[PDB]
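Per-entry structural report
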There are 6 protein chains.
Amino acid sequence: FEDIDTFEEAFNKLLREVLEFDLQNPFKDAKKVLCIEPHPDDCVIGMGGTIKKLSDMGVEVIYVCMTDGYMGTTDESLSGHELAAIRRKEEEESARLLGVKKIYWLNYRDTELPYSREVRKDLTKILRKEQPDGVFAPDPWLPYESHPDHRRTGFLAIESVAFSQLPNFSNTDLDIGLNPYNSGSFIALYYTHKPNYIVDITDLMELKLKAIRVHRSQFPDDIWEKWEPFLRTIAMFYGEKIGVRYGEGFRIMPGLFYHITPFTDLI
Amino acid sequence: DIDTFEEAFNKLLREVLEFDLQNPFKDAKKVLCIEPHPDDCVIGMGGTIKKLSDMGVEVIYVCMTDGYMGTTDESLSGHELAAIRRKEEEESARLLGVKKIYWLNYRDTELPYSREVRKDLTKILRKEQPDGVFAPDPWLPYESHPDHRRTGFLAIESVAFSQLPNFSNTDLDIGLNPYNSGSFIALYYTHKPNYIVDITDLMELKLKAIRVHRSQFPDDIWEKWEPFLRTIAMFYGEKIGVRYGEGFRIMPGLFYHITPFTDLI
Amino acid sequence: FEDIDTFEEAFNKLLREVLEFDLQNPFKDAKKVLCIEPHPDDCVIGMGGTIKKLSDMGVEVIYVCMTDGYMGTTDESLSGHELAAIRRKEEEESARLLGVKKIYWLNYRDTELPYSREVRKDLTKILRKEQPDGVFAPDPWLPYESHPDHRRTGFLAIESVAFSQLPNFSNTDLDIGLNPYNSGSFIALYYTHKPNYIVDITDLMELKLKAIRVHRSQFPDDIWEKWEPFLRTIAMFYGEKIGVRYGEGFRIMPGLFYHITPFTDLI
Amino acid sequence: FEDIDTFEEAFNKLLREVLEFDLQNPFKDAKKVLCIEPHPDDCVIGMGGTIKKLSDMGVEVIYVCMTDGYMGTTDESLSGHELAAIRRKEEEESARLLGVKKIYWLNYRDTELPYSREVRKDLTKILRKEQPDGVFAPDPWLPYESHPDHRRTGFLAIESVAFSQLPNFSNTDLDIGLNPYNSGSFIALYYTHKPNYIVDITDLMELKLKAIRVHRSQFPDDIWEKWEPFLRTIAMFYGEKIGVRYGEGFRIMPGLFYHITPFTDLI
Amino acid sequence: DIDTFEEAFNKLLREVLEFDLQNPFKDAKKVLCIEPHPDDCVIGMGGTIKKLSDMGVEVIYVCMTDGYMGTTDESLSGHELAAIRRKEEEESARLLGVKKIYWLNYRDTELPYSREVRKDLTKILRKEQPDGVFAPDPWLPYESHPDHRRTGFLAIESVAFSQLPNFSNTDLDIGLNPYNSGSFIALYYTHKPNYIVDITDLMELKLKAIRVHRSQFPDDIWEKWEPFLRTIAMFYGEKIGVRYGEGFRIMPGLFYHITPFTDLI
Amino acid sequence: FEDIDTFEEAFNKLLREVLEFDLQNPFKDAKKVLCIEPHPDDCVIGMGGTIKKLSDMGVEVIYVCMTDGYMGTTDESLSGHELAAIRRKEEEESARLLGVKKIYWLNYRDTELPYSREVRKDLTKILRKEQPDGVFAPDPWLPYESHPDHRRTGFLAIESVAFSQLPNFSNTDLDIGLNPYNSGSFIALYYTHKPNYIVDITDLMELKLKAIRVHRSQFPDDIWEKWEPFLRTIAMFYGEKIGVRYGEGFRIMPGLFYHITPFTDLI
Ligand SMILES: [Zn+2]
Ligand SMILES: [Zn+2]
Ligand SMILES: [Zn+2]
Ligand SMILES: [Zn+2]
Ligand SMILES: [Zn+2]
Ligand SMILES: [Zn+2]
């Protein structure tokens, strides 16, 4: 469009017409979604109430869990293998409370999630098989996020959603009968410092806290004394943004903005 | 000696550092423009490249990868596409006056982040000894192409380390010199440009040389990308009151290390 | 909680009451600290002043130096090996002046610091042996930090401080009779663009400068022309923030804020 | 079996009864096989006549080709990408002469085949999908084999055939609907210094040479002047072993012998 | 001085090297038996281990991996299996008199071949300072388990390098000493044993302690493996005229480096 | 061919006529050679004698030393860095005695030589610059060789000699105006258990020994007691094979026999 007079107009036409970007009800049509978590519990803690709301509407929610949570205990007589047996059950129970379908366990070791083509391939296979309408994953640009598994899951999820659409990427998948990942599915990023879409989870907050504490191994009383205020405060930082008590924040952008975009901060 | 930080900084920039952004490319005879994929040089600084050629600067591309993955055409393999994209780029660069292209040949979506790639770029720096280097800004927020983050990091690193005789010393052992210490670094694809080039006059050219990457810009995909790319050129151009612009971030060499007030330029 | 009215109230309760956080005097009880540095001289440059005052208060200050500084010369006649043996001597004398106990050399090669589990296990074994009260390290989120040794030292430091506390992490340390790293120690990040604790070093500035120049292989006369003003200017950026002439800046935060936290900018 | 009197008897009962190992007609029942090659052309050069014989009998032969042959030319105006386009066509044409079904291209770069869990996963997916009755691959113990791609394909093929049977190995495959690789398929190793099964390829030798030269890019006249004597001599080393002019040799052992077996040299 | 190679070699072995295979474990108070998976120590040298315990030697296992992949039971995950296999191994080792087990915890089928693993074993060598080390022979032909090749290589390497103060120096920095220089290395699972232990008397014990790894030896799988394992014990036993034996390859430390006549022992 | 009667006849025709192979005088035309060594001293130990005779004939002999020898000391007071600077001095003087031109130091760390494309590119750039007539390197198939630096130097050497001849391999070398490595050069492997060419060094033995001992950091009196007999014994193992007192052994083969060849034991 050669004759438009200001950046601001252009950007506006770009968002609303060219890209028809819409934060009003961005999960309106979804039938199936994947929620990707670095560790068992992260989906519920980041977006449990949202997962529930989706379930409630008849959306199929599938988990993909990058690691086994092997490392997450201070108990010197609980091995990582035992912990991981336990966290699997804990996540199955938590997810059942949220109406969640199915979990894909990638089984990478807790704290050792690689950042590699290999991991992109695992996700790409799930993506291609399930062809979901939207994907959720932690925002790897969250500042002071000191857990490598979190930053890497984030990155790998965004990369995989783009690359799994390309037939020459992980090409054996197509050779065993899968199609590339279908275009026009959304990415939504939770655990974000810059959300631009909030789900009100005021009514659901006690459901979320319950489903979080089901991961008992992660949440004994002395830990919960700190974690419950923390989780509640986080939910209020998000909710206030839409004038409600408790929210879950997401960052959702048009696919182009994840690449060469110097004005991403205008959504 | 000096009283305030505000004063101390100013003196740093202008006296001690000589940092000056009015004409940062006025003394440039040879430059490298480093791109992660074929087409990134033209999309991100195609108009500036034209401007540099027309001025007589020699402009040399270094493309990190082969564009192998860039198609949804299931009847086009990566190898075929890679061979087409080197053609596309050769024609695209002629239009902008581009001399020479070094292809490193890493696979698209697979550019490593490692000492090996630093050694490939170092060997080129030491060979060509350019006056300035262009590369994507590795800090662009929400940049989710690893090839992009990786390129910018490795470019800035390599410009530094290629200067060190003990770094990839085999280069010296075979007759190369360490990379000269006077050169500039300019990052394109940047959210914090502190230097903008007006390409309002060149915009139609820029767009034609982009379109020359036909594998990347079929008809339906240009339906979003021409509007996208104009909208970005307006973003940079507005910063200096022109229609279309190209944004570059530039900084004294020092600021890339241990510097808490980099947002002051 | 659960009754608190607003996000602003929750946040302040969380910070001060639940998490017991305050930056009045965060090094108060410290008997032993590790100063983790990517290259010989980084401890002196970013926190040389603070080290001295810690020595002065009778705190045992220990260095961990991630790499050998192999690459840090433009002299064609000086091999990397020769340089490393020099820089070690330089560090030892620079550290004498700051009253510095003892230095662990990891001996990774300058410019080639891995970002790997192996390096966490190196840090972890040290933390488990020393059991420091506090650990200092570069902020790996510093804008525009382009030395991979710095960003990587920073992230590895934060990660090791968490993981060294887990008994299933690097479990052989335990099998050889080291204990998990003790829980309550602090983290302080230097070379930072968002400091929230400032140490006045104004009275110490000349000693700091002398202790840096002791790295003569790094600061001959021609480089010192650029670097002395630079170093003075950084120290004034930090000093200004609390109204003293010369300062050293540090970023400190509750432990929980290193993970999924979306309002880390409020401190 | 507690009361057997010599090693030699035991070993004999072990082979013939316990393991019912049979080198008489070891491909008798196969319906589908995979032939794994490091580069395009290796299946034909190592075992072209055998592939043909299998085709002839109605066996489905599927290729898996580890690399793209990107590196295999001395022509300074033929890029690796062009070479690889060309070698794909060359292999399609060669394979058509041998009755070959289908080729899986892993697309790893020629000379850069990794030795990694990732590559095991690609093979494991093909194995699980196709469930073939037997697999062929170069013998990685062939002495003085100086091509890394050859040694690694060999190893990876033997490992994958064992690991793809295990449900916890590459577990996402089972989560997208695949079953583990079925038990009791044979491995046969070509390019071997110790074959214990030879296929007579006297009648087929000229077919093989033709299908080898179809890879024109690899076989110009000046190269063929050396390669044709070489290939013929190799085929006679194998054939003489069964008193025929030209053979293809394989090493075939019972699955147990690929693990902890100190008497493998007795077959 | 000396006239023939045959003479020069002999003198090497016996005078200069003191290499002597009649009772190589006569002076051994503590030994490490390094296994790639839980059960390899008992399968490969279970009877010898028994013999060493009964003699008073302290026997310490170092297991490289967790056995995570070792089941076709689709209702048993790797983590569950790993937790069962550590139990299995604890019971199995008690029966043979085994003290202590170091678990390194790498995943089964994933043991890296790297400096990191050498540092884990080195830390144990330096801690425990054993008199001898047992490990699989990395040269077994047709050994196709990477965990197996990898273990033997890393064991022999680590025994060497743990002796070097500059190697994993942090160990020293925290109070450990380099690994003492007097110790032996013996490779089991070997096709070229030059020392055989008669375990004819212990064979039923060996087999019971193997069976204790019940996850690995259901009924139908033991239908092949008991015959397999007896057939291997006959292989080694025949070498010295006994019914069942365990084969070890042993060599002067020198022979592991630059030695063209290693087949002469 | 195609008419030849027996395998034994084919093989001898192949070796002698097609491949022009013979070990009468394989270094005849050599003007320039690389002696590739894994650690400082390996060239002198395995082929010190042969080097001298090459110098003596006026051949330019160049060393490539893969690593710095950092680890090679039991002295707790001598750092790896210090050792490397020493060993370089030792090499330089040891090489003066063998009339050795010039040494390329790659500077990988003793014990940590990668097995990677990066290292082939290091060798390749050297071969393309020097264009040697011959390359000497350790046999990576030596029985029981337990130093990973040796096996890896050996395989990397053979691989680089092939790949450096391909223009698409490390193509940037070409873009900077180096040529592919010239085709007809020979490969000779030392530290070998199957030598097929023997150099009489009997008259040179005392000089060899002096040139090794010049590595005093490696051979103090106590280690020399073990090592002098050892070195004498190896030289007699090789000498015996051609009826001289002291020899150096080398394995040489046609190029084709480095790949898929099943009768490499016939030479
Ligand atoms: Zn998590
Ligand atoms: Zn790009
Ligand atoms: Zn530094
Ligand atoms: Zn091949
Ligand atoms: Zn095992
Ligand atoms: Zn050596």
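Residues numbered from 1 in each chain as written, not as in the entry; some residues may be left out. Chains lettered and ligands numbered in written order. Heavy atoms only, no water.

Per the deposited record, the coordinates in this entry were obtained by X-ray crystallography to a resolution of 2.00 Å.

All right, on to the overall build of chain A then. Secondary structure assignment for chain A yields eight helices and seven strands. Over its C-alpha atoms chain A spans a radius of gyration of 19 Å, differing by no more than 12% from the 18 Å that the globule rule assigns to 267 residues. A principal-axis box enclosing the C-alpha atoms of chain A has dimensions of 70 × 50 × 35 Å. Relative to its full complement of 267 residues, chain A shows a buried share of 69%. Taking the contacts inside chain A whose residues are at least 6 apart along the sequence as the reference set, 78% of them involve residues at least 24 apart. Surface summary for chain A: the accessible area is close to 9200 Å², and the carbon and sulfur share equals 47%. Computing the positive centroid from 32 side-chain charges and the negative centroid from 44, chain A places the two 4 Å apart. (Helix = DSSP H or I, 4+ residues; strand = E, 2+ residues; numbered from the N terminus. Rg over C-alpha atoms; globule rule 2.2 N^0.38 Å. Buried < 20%, exposed > 50% of the residue type's maximum accessible area, 1.4 Å probe, protein only. Contact = heavy atoms within 4.5 Å. Areas by Shrake-Rupley, 256 points an atom, 1.4 Å probe, with all protein chains shown as cover. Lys, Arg positive; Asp, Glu negative; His and termini not counted. Charge placed at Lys NZ, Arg CZ, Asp CG, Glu CD.)

Superposing chain A onto chain C requires a rotation of 120° together with a translation of 0.0 Å along the rotation axis, leaving an RMSD of 0.3 Å. These values place the two chain copies in the arrangement generated by a three-fold rotation axis. Across chain A, the rotation axis passes nearest the C-alpha of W141(A), at a separation of 6.0 Å. (Least-squares fit on C-alpha atoms.)

A few words now on a negative patch on the surface. A surface patch of like charges, here negative, comprises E240(A), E2(C), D3(C), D5(C), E8(C) and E9(C). Position of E240(A) relative to the elements: it lies in helix α8 (residues 221-240). (Patch = residues over 30% accessible without salt bridge, like charges linked within 9 Å, V, L, I, M, F, W, Y side chains within 5 Å. Salt bridge = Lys/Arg side-chain N within 4 Å of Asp/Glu carboxyl O.)

With that settled, consider the interface of chain A and chain C. Counting residues at the interface gives 39 residues for chain A and 42 residues for chain C. Together, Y144(A), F230(A) and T233(A) form the three largest contributors to the area buried by chain A at its contact with chain C, with a combined 22%. Our enumeration of links across chain A and chain C arrives at two salt bridges. Between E159(C) and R151(A) there is a salt bridge, with its nearest N and O atoms 3.4 Å apart. One can count 15 residue pairs in polar contact joining chain A with chain C. Where the side of chain A that touches chain C is concerned, the elements lending two or more residues are α5 (148-163) and α8 of chain A. At twelve residues, the largest contribution of residues to the side of chain A that touches chain C is made by α8(A). (Buried area = accessible area lost by both parts, 1.4 Å probe. Polar contact = N/O pair within 3.5 Å; in protein donor to acceptor, adjacent residues only side chain to side chain.)

On inspection of all chains with the given rule, the structure shows 122 salt bridges over all chains. Taking the shortest distance from any N to any O, the salt bridge between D173(A) and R128(A) comes out at 3.0 Å. Here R128(A) lies in helix α4 (residues 117-130) and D173(A) lies in helix α6 (residues 172-175), a separation of 45 residues in the sequence. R128(A) matches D173(A) in its accessibility class, with the two residues each being buried. Across the pair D54(B) and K50(B) runs a salt bridge whose closest N-O atoms are separated by 3.1 Å.

Residues and elements named next belong to chain B. Residues given the UniProt feature "binding site: Zn(2+)" (unreviewed entry) here are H37, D40 and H148. Over a stretch of 112 residues, the named residues converge on one spot in the fold, their C-alpha atoms separated by at most 9.6 Å. Positionally, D40 belongs in helix α2 (residues 40-54). What makes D40 buried here is its relative accessible area of 4%. When near neighbours in sequence (up to four residues on either side) are disregarded, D40 contacts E35, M45, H148, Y188 and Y189. Tracing the backbone shows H148 in helix α5 (residues 146-161). (UniProt positions renumbered as here; feature names shortened; annotations may be inferred.)

On to the side chain of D137(E). Relative to the elements of secondary structure, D137(E) occurs in the loop between β4 (132-136) and α5 (146-161). One buried charged residue, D137(E), forms no salt bridge at all, with the nearest opposite charge on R249(E) at 5.9 Å. At 2.9 Å, the side chain of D137(E) and the backbone nitrogen of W139(E) are in polar contact. Sequence-distant contacts of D137(E), that is, excluding residues within four places in its chain, are made with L187(E), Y188(E), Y189(E), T190(E), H191(E) and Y144(F).

Attention now goes to the side chain of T264(C). Within the fold, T264(C) resides in the segment after β7 (247-250). Residue class for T264(C) comes out buried when judged on its relative accessible area of 6%. When residues no more than four places from it in sequence are discounted, the contact partners of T264(C) are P143(A), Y144(A), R251(C), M253(C) and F257(C).

Moving on: the packing of helix α2 (residues 40-54) of chain E against helix α7 (residues 203-211) of chain E. Residues and elements named next belong to chain E. Between α2 and α7, the least distance of the axes is 9 Å, while the angle of their chain directions is 130°. Considering their axes alone, α2 and α7 lie oblique with respect to each other. Here the hand of the crossing between α2 and α7 comes out right-handed. Of the residues in α7, those touching α2 at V42, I43, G44, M45, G46, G47 and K50 are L205, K206, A209 and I210. Within the contact of α2 with α7, the residues separate by chemical class into six nonpolar, three polar and two charged. (Axes fitted to C-alpha atoms, helices over the stretch in contact; angles between N-to-C directions. Parallel < 35°, antiparallel > 145°, perpendicular 65-115°, else oblique. Left-handed = near helix turned anticlockwise from the far one by under 90°. Nonpolar A, V, L, I, M, F, W, Y, C, P; charged D, E, K, R; others polar.)

We now examine the coordination of the zinc ion (ligand 2). Six octahedral donors around a metal ideally subtend angles of 90 or 180 degrees, whereas four tetrahedral donors ideally subtend 109.5 degrees. Residues and elements named next belong to chain B. In this structure, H37 (ND1), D40 (OD), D40 (OD) and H148 (NE2) serve as the protein donors to the zinc ion (ligand 2), at separations of 2.0 to 2.7 Å. Classification of the site at the zinc ion (ligand 2) as irregular follows from its four donor atoms and the range of 53 to 150° in their angles at the metal. Read in sequence order, the donor residues coordinating the zinc ion (ligand 2) give the pattern H-x2-D-x107-H. One end of the pair, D40, is in helix α2; the other, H148, is in helix α5, with 108 residues separating them in the sequence. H148 carries the same exposure label as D40, and that label is buried. (Donors = N, O, S within 2.8 Å, 3.2 Å for Na, K, Ca; no water. Tetrahedral: all angles 85-135°; square planar, octahedral: opposite > 155°, others 65-115°.)

Below, the discussion takes up helix α7 (residues 205-213) of chain C. Residues and elements named next belong to chain C. All of the buried residues along α7 are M205, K208, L209, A211 and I212. In a view along the axis of α7, the buried residues occupy a sector of 165°, so they form one face of it. The exposed set on the far side of α7, more than 90 degrees from its buried face, consists of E206 and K210. Elements in contact with the buried residues of α7: α2 (42-56), α3 (80-97), α8 (221-240) and β7. (Arc of directions from axis to C-beta.)

It is worth spelling out the interface of chain E and chain A at this point. Listed by partner, the interface residues are ten residues for chain E and nine residues for chain A. It is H79(E), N105(E) and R107(E) that lose the most area in chain E upon contact with chain A, and together they represent 54% of the buried surface on that side. On the surface where chain E and chain A come into contact, there are four salt bridges. One salt bridge connects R86(E) with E82(A), and the closest N-O pair in it is separated by 4.0 Å.

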